[PDB]
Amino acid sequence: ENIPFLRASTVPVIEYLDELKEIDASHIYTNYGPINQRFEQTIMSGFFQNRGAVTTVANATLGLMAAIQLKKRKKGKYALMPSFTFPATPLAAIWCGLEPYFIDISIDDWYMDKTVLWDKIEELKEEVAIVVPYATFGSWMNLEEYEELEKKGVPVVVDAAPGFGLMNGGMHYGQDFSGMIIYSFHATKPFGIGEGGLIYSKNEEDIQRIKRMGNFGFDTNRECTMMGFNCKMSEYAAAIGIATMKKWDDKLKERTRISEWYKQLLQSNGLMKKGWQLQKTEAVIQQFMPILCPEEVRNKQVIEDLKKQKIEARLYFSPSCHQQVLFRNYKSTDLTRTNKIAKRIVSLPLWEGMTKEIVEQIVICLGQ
């Protein structure tokens, strides 16, 4: 009767029932149990070419916390990151005792602007604790400059929360990265299991450390010898994870289809000619359809107009982090571009089961 923003569809119980019965037989239910290891092994084989290492975590927000806590420089104070990201990103930083320092984004790709970033690193020197870029909207943010940062001794944790399963040229996003990449398996993201996350790194020793950190910093004596907490993923989450890997081809194909319908219908209804624009990026996997509305149109009015037509759009990210109550006083560079994107950005609905006619009803409402 209406078009909601979110309609999650995780794999149904029949797809992971075998695994539930293995769990019941084994009487191991969490703490890096066999199903969790099998899930990690499957991911390393199917996505990461058996190079590097992964660990599951209970959610991507805990993964950011763990990665930042492990990798931050001891004497640093700031986590250099975009304001144009989900609040989880600066929150993970603050829980690690760091202050966010917001960096402006490019107007076209919506990633942190590397020119500004480099300049800020040069200026802050030892005050830089860590650099936390966001691979905006599950897209192909090239990591070449970030890999260079790691090699110069500036640690990098990439927030790719919504980008798991993003492939380009047959390579999975993040492959062989020196730093850490965090992905989310939240039910609302494309690889959605309910609650869950993953960390990848080419650095196997670092992944081994995060595994400890996720288990109270325990050594092999179950003695706490390093910072830690609990971010263990249960066997039950790993079970849905594994079943999701096996239906993933279908899901990726669904999203890709709906994405192409959006691009076609937008173009065919001449919305691009009216000044709507898509993100500039090589490759993306879409949680929703992000688009800039025309310069002369206020994005909150789009939301309101669509809401009259029974369609729920949203405004990721407006307010951006620097404009939100909690983060409004943290330092930043000039953020003119962020501010502009935050006035224009719209988030259009996209979920499994969406038909071409639904996309068309949305695209036509945009235009009228």
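Residue indices: 1-based, along the sequence shown.
Asker: With respect to the recorded C-alpha B factors, which stretch has the higher mean value, 305-313 or 50-58?
Answerer: So the stretch with the higher mean C-alpha B-factor is 305-313.
Asker: Return whichever of 252-260 and 80-88 has the greater mean Cα B factor according to the PDB record.
Answerer: Mean CA B-factor is higher for 252-260.
Asker: Return the residue from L198, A237, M245, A93 that has the highest Cα B-factor in the entry.
Answerer: Answer, based on the entry's C-alpha B-factors: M245.
Asker: Just the C-alpha B-factor column, please: which of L271, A160, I107, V132 has the biggest number?
Answerer: Comparing C-alpha B-factors across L271, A160, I107, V132, the maximum falls on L271.
Asker: Sorting the chain's modelled residues by C-alpha B-factor, tell me whether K152 ends up in the lowest, middle or highest third.
Answerer: Ranked within chain, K152 CA B lands in the highest tercile.
Asker: Taking the values exactly as deposited, rank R38 by C-alpha B-factor within its chain and report the matching third: lowest, middle or highest.
Answerer: Its C-alpha B-factor belongs to the middle third of this chain's values.
Asker: Could you tell me which third, lowest, middle or highest, the C-alpha B-factor of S139 occupies within its chain?
Answerer: Tercile = lowest for this residue's CA B-factor.
Asker: Test of reading the entry: by CA B factor among the chain's modelled residues, which third contains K74?
Answerer: Highest third.
Asker: Using the temperature factors of the C-alpha atoms in this entry, rank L348 within its chain: lowest, middle or highest third.
Answerer: Tercile = middle for this residue's CA B-factor.
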